[PDB]
Amino acid sequence: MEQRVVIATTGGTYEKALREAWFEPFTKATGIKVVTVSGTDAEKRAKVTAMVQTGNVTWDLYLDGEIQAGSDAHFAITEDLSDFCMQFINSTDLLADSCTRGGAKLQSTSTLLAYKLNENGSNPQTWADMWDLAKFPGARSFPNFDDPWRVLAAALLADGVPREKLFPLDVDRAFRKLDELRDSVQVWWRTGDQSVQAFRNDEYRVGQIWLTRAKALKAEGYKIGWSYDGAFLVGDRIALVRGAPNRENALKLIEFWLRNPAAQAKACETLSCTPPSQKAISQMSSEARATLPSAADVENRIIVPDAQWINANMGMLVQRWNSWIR
């Protein structure tokens, strides 16, 4: 009779957008207070695990990447949402896999093909064009962070593998394709800042970067474009902590998000992400919509991760990549 919900986020700008669009409206509609806790994704994972081994569960919900939400490790410290998830098949508004075992989709971000606009107007539109140095010359750029699955999947799509037949990834073929391009890759960005600096300095003309960083360059006045063909849409899931103190209230907060396109659209206008609702995508301001994939791009051209495969082949991938990079 003094109801609350405790949710963990990365804090900052992300938390602020969620407070304005999701937490305060919820509290106003229900009377249930939303207590927010900040920390890194690794800190949060470790804090949930420690809480689950002790009986002392302080947190009800936490956000984490969909691939981590995801792993057997995640399922060991979180509740299976599968039963709760069934109630969201009353609508086809929500995009595919919006409610899984590991959690509900909050928002998704794109990793896509971005390019500097050339004078003749001929720009690369597919991953195959990124490999076409004849028609599209210049320096390439790919991320060089520990998991290469998106770099490997871009290579496979460039090599003519259709998106429906993409997973399981042919790792041997993906590396064979990467070798053809590897001499042209002048930028191996580890941070978003590096891919942004490299573009400002004109260190690359064709690259795989985050839509968030491509948007920021266009807003700074740079002659940048991007393509949604074979773009990787990866997001965060809202997970329910194993035996959360306020379990019921935590699920009301989840339902509030999934059933509210206005809440999703407001939060995703602020953060420049793709919400799970098709209504929320179309409901966003014209200016926001202009720099984001449409619902038809998401269902017909975007690549969605196979979390089961990525988690199972994770160790092998990191080993094989670090060795390939030398």
# chains A, B, ... in the order shown; residues from 1 in each chain; ligands from 1

$ closest_atom_pairs --of "segment 175-264 of chain A" --to "segment 24-31 of chain A" --cutoff "10 Å" --atoms "only C-alpha atoms" --output "CSV"
residue,atom,partner,partner_atom,distance
A:249,CA,A:30,CA,9.6
A:252,CA,A:26,CA,8.9
A:253,CA,A:26,CA,6.9
A:256,CA,A:26,CA,6.9
A:257,CA,A:26,CA,8.8
A:263,CA,A:25,CA,8.2

$ residues_around --residues "residue 11 of chain A" --least-positions-apart "3" --cutoff "9 Å" --atoms "only C-alpha atoms" --output "list in words"
residues 8, 14, 15, 16, 36, 37, 38, 39 and 40 of chain A

$ write_last_selection --atoms "N, CA, C and O atoms" --output "compact mmCIF listing (two decimals), in the first residue's frame"
# COMPACT_ATOMS: atom_id res chain seq x y z
N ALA A 8 17.06 -0.74 -13.11
CA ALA A 8 18.44 -0.33 -13.34
C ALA A 8 18.68 -0.04 -14.83
O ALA A 8 18.24 -0.80 -15.70
N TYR A 14 20.01 8.49 -21.27
CA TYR A 14 19.17 7.32 -21.48
C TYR A 14 18.08 7.28 -20.40
O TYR A 14 16.89 7.23 -20.74
N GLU A 15 18.47 7.39 -19.12
CA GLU A 15 17.58 7.40 -17.97
C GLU A 15 16.62 8.59 -17.99
O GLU A 15 15.44 8.43 -17.66
N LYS A 16 17.12 9.77 -18.38
CA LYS A 16 16.35 11.02 -18.46
C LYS A 16 15.23 10.90 -19.46
O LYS A 16 14.10 11.28 -19.15
N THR A 36 14.97 4.51 -9.84
CA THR A 36 15.99 4.22 -10.86
C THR A 36 17.39 4.10 -10.27
O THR A 36 17.80 4.92 -9.44
N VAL A 37 18.13 3.06 -10.71
CA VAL A 37 19.50 2.79 -10.28
C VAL A 37 20.43 2.84 -11.51
O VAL A 37 20.07 2.32 -12.56
N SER A 38 21.58 3.53 -11.39
CA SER A 38 22.52 3.65 -12.50
C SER A 38 23.79 2.80 -12.32
O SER A 38 24.24 2.59 -11.18
N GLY A 39 24.33 2.32 -13.45
CA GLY A 39 25.54 1.51 -13.51
C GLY A 39 25.83 1.05 -14.92
O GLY A 39 24.95 1.13 -15.78
N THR A 40 27.06 0.55 -15.18
CA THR A 40 27.41 0.01 -16.50
C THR A 40 26.72 -1.34 -16.69
O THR A 40 26.27 -1.94 -15.71

$ closest_residue --among "A:164, A:79, A:2, A:43" --to "residue 242 of chain A" --atoms "only C-alpha atoms"
A:79

$ residues_around --residues "segment 179-194 of chain A" --least-positions-apart "6" --cutoff "6 Å" --atoms "only C-alpha atoms" --output "list in words"
residues 139, 140, 141, 142, 143, 144 and 145 of chain A

$ closest_residue --among "A:313, A:110, A:82, A:323" --to "residue 149 of chain A" --atoms "only C-alpha atoms"
A:313

$ select_by_dssp --residues "segment 114-284 of chain A" --states "strand (DSSP E or B)" --output "PyMOL selection string"
chain A and resi 114-116+140-143+185-189+206-210+224-241+274+277

$ write_last_selection --atoms "N, CA and C atoms" --output "JSON list (two decimals), in the first residue's frame"
[["chain", "number", "residue", "atom", "x", "y", "z"],
["A", 114, "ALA", "N", 27.15, 3.53, -44.19],
["A", 114, "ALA", "CA", 27.15, 4.97, -44.29],
["A", 114, "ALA", "C", 28.30, 5.32, -45.24],
["A", 115, "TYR", "N", 28.14, 6.42, -45.99],
["A", 115, "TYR", "CA", 29.09, 6.87, -46.99],
["A", 115, "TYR", "C", 29.18, 8.40, -47.11],
["A", 116, "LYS", "N", 30.32, 8.91, -47.62],
["A", 116, "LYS", "CA", 30.45, 10.35, -47.94],
["A", 116, "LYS", "C", 29.80, 10.53, -49.30],
["A", 140, "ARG", "N", 37.68, 2.12, -46.69],
["A", 140, "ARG", "CA", 36.57, 1.54, -45.94],
["A", 140, "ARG", "C", 36.83, 1.65, -44.43],
["A", 141, "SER", "N", 35.78, 1.47, -43.65],
["A", 141, "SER", "CA", 35.84, 1.49, -42.19],
["A", 141, "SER", "C", 34.88, 0.47, -41.61],
["A", 142, "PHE", "N", 35.36, -0.31, -40.64],
["A", 142, "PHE", "CA", 34.53, -1.30, -39.95],
["A", 142, "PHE", "C", 34.82, -1.18, -38.48],
["A", 143, "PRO", "N", 33.86, -1.50, -37.57],
["A", 143, "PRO", "CA", 34.21, -1.50, -36.14],
["A", 143, "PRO", "C", 35.18, -2.62, -35.80],
["A", 185, "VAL", "N", 40.53, -1.20, -45.93],
["A", 185, "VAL", "CA", 40.07, -0.80, -44.60],
["A", 185, "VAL", "C", 41.15, -0.01, -43.88],
["A", 186, "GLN", "N", 41.05, 1.33, -43.92],
["A", 186, "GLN", "CA", 42.02, 2.24, -43.30],
["A", 186, "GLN", "C", 41.65, 2.57, -41.86],
["A", 187, "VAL", "N", 40.35, 2.40, -41.50],
["A", 187, "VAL", "CA", 39.83, 2.71, -40.18],
["A", 187, "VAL", "C", 39.17, 1.48, -39.54],
["A", 188, "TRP", "N", 39.67, 1.08, -38.37],
["A", 188, "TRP", "CA", 39.11, 0.01, -37.56],
["A", 188, "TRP", "C", 38.71, 0.68, -36.26],
["A", 189, "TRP", "N", 37.54, 1.32, -36.26],
["A", 189, "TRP", "CA", 37.05, 2.09, -35.11],
["A", 189, "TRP", "C", 36.61, 1.23, -33.91],
["A", 206, "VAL", "N", 33.46, 5.05, -47.17],
["A", 206, "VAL", "CA", 32.44, 4.00, -47.08],
["A", 206, "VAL", "C", 32.70, 3.19, -45.81],
["A", 207, "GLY", "N", 31.70, 3.08, -44.93],
["A", 207, "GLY", "CA", 31.88, 2.36, -43.68],
["A", 207, "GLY", "C", 30.65, 1.82, -43.00],
["A", 208, "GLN", "N", 30.87, 0.89, -42.06],
["A", 208, "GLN", "CA", 29.82, 0.32, -41.24],
["A", 208, "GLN", "C", 29.93, 1.08, -39.92],
["A", 209, "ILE", "N", 28.96, 1.98, -39.66],
["A", 209, "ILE", "CA", 28.95, 2.79, -38.44],
["A", 209, "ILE", "C", 27.58, 2.74, -37.77],
["A", 210, "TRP", "N", 27.43, 3.35, -36.58],
["A", 210, "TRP", "CA", 26.13, 3.39, -35.91],
["A", 210, "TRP", "C", 25.30, 4.53, -36.52],
["A", 224, "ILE", "N", 27.09, 13.28, -45.59],
["A", 224, "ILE", "CA", 26.96, 11.87, -45.28],
["A", 224, "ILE", "C", 25.57, 11.36, -45.63],
["A", 225, "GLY", "N", 25.54, 10.13, -46.10],
["A", 225, "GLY", "CA", 24.33, 9.40, -46.39],
["A", 225, "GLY", "C", 24.42, 8.01, -45.78],
["A", 226, "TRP", "N", 23.33, 7.28, -45.80],
["A", 226, "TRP", "CA", 23.33, 5.91, -45.30],
["A", 226, "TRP", "C", 22.27, 5.10, -46.00],
["A", 227, "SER", "N", 22.39, 3.77, -45.90],
["A", 227, "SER", "CA", 21.43, 2.85, -46.48],
["A", 227, "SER", "C", 20.87, 1.86, -45.43],
["A", 228, "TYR", "N", 19.55, 1.59, -45.47],
["A", 228, "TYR", "CA", 18.91, 0.62, -44.56],
["A", 228, "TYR", "C", 18.94, -0.80, -45.08],
["A", 229, "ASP", "N", 19.48, -1.01, -46.30],
["A", 229, "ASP", "CA", 19.59, -2.33, -46.91],
["A", 229, "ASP", "C", 20.67, -3.12, -46.16],
["A", 230, "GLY", "N", 20.22, -4.21, -45.51],
["A", 230, "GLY", "CA", 21.06, -5.07, -44.70],
["A", 230, "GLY", "C", 21.54, -4.44, -43.41],
["A", 231, "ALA", "N", 20.85, -3.36, -42.94],
["A", 231, "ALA", "CA", 21.21, -2.70, -41.68],
["A", 231, "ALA", "C", 20.95, -3.66, -40.51],
["A", 232, "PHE", "N", 21.81, -3.62, -39.50],
["A", 232, "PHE", "CA", 21.66, -4.48, -38.33],
["A", 232, "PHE", "C", 20.90, -3.75, -37.22],
["A", 233, "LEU", "N", 19.68, -4.22, -36.91],
["A", 233, "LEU", "CA", 18.82, -3.64, -35.86],
["A", 233, "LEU", "C", 18.95, -4.43, -34.59],
["A", 234, "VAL", "N", 19.72, -3.89, -33.64],
["A", 234, "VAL", "CA", 20.03, -4.54, -32.37],
["A", 234, "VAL", "C", 19.61, -3.61, -31.25],
["A", 235, "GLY", "N", 18.88, -4.14, -30.29],
["A", 235, "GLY", "CA", 18.47, -3.32, -29.17],
["A", 235, "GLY", "C", 18.65, -3.89, -27.78],
["A", 236, "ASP", "N", 17.96, -3.24, -26.84],
["A", 236, "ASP", "CA", 17.95, -3.53, -25.42],
["A", 236, "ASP", "C", 16.65, -4.16, -25.02],
["A", 237, "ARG", "N", 16.70, -5.05, -24.04],
["A", 237, "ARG", "CA", 15.54, -5.71, -23.47],
["A", 237, "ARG", "C", 15.34, -5.29, -22.01],
["A", 238, "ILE", "N", 14.07, -5.23, -21.54],
["A", 238, "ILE", "CA", 13.70, -4.94, -20.14],
["A", 238, "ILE", "C", 13.57, -6.33, -19.53],
["A", 239, "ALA", "N", 14.47, -6.69, -18.61],
["A", 239, "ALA", "CA", 14.45, -8.01, -17.97],
["A", 239, "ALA", "C", 13.95, -7.93, -16.52],
["A", 240, "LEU", "N", 13.22, -8.96, -16.09],
["A", 240, "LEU", "CA", 12.66, -9.11, -14.74],
["A", 240, "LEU", "C", 13.60, -9.99, -13.91],
["A", 241, "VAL", "N", 14.19, -9.39, -12.85],
["A", 241, "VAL", "CA", 15.14, -10.02, -11.92],
["A", 241, "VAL", "C", 14.49, -11.19, -11.19],
["A", 274, "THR", "N", 14.73, 2.96, -32.87],
["A", 274, "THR", "CA", 13.55, 2.33, -33.43],
["A", 274, "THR", "C", 12.74, 1.69, -32.30],
["A", 277, "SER", "N", 6.99, -0.80, -31.43],
["A", 277, "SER", "CA", 5.66, -0.56, -31.96],
["A", 277, "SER", "C", 5.73, 0.07, -33.35]]

$ residues_around --residues "residue 128 of chain A" --least-positions-apart "3" --cutoff "12 Å" --atoms "only C-alpha atoms" --output "compact mmCIF listing (two decimals) with C-alpha atoms, in the first residue's frame"
# COMPACT_ATOMS: atom_id res chain seq x y z
CA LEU A 113 26.33 1.27 -44.34
CA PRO A 124 27.01 2.53 -52.30
CA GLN A 125 23.61 1.14 -51.26
CA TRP A 131 33.13 -4.56 -51.54
CA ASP A 132 32.90 -2.89 -55.02
CA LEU A 133 36.07 -0.68 -55.11
CA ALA A 134 35.79 -0.35 -58.91
CA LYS A 135 32.41 1.57 -58.85
CA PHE A 136 32.86 3.00 -55.35
CA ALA A 153 27.33 -10.95 -41.59
CA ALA A 154 28.04 -7.79 -43.79
CA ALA A 155 30.72 -9.88 -45.64
CA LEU A 156 28.25 -12.74 -46.16
CA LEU A 157 25.49 -10.40 -47.48
CA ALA A 158 28.13 -8.79 -49.79
CA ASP A 159 29.03 -12.32 -50.97
CA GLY A 160 25.37 -12.89 -52.05
CA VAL A 161 23.91 -14.76 -49.04
CA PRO A 162 20.17 -13.79 -48.74
CA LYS A 177 35.25 -12.28 -48.28
CA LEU A 178 36.84 -9.93 -45.64
CA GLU A 180 39.34 -9.29 -50.44
CA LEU A 181 38.51 -5.94 -48.77
CA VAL A 206 32.44 4.00 -47.08
CA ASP A 229 19.59 -2.33 -46.91
CA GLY A 230 21.06 -5.07 -44.70

$ residues_around --residues "segment 265-271 of chain A" --least-positions-apart "3" --cutoff "6 Å" --atoms "only C-alpha atoms" --output "VMD selection string"
chain A and resid 17 21 261 to 262 280 284 288

$ closest_residue --among "A:112, A:46, A:18, A:117" --to "residue 150 of chain A" --atoms "only C-alpha atoms"
A:112

$ closest_residue --among "A:53, A:87, A:92, A:10" --to "residue 65 of chain A" --atoms "only C-alpha atoms"
A:10

$ residues_around --residues "residue 47 of chain A" --least-positions-apart "4" --cutoff "10 Å" --atoms "only C-alpha atoms" --output "PyMOL selection string"
chain A and resi 39+41-43+51-52+57-59

$ write_last_selection --atoms "C-alpha atoms" --output "mmCIF file, in the first residue's frame"
data_model
loop_
_atom_site.group_PDB
_atom_site.id
_atom_site.type_symbol
_atom_site.label_atom_id
_atom_site.label_comp_id
_atom_site.auth_asym_id
_atom_site.auth_seq_id
_atom_site.Cartn_x
_atom_site.Cartn_y
_atom_site.Cartn_z
ATOM 1 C CA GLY A 39 25.541 1.514 -13.515
ATOM 2 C CA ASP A 41 26.000 -3.111 -18.278
ATOM 3 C CA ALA A 42 28.810 -5.248 -16.691
ATOM 4 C CA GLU A 43 28.220 -3.693 -13.204
ATOM 5 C CA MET A 51 21.661 -10.455 -5.520
ATOM 6 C CA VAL A 52 20.264 -13.734 -7.014
ATOM 7 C CA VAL A 57 16.944 -9.011 -4.380
ATOM 8 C CA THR A 58 16.866 -5.211 -4.305
ATOM 9 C CA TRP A 59 16.071 -4.669 -8.034
#

$ atom_distance --atom1 "atom CA of residue 121 of chain A" --atom2 "atom CA of residue 300 of chain A"
25.0 Å

$ atom_distance --atom1 "atom CA of residue 7 of chain A" --atom2 "atom CA of residue 76 of chain A"
18.5 Å

$ atom_distance --atom1 "atom CA of residue 33 of chain A" --atom2 "atom CA of residue 100 of chain A"
25.7 Å
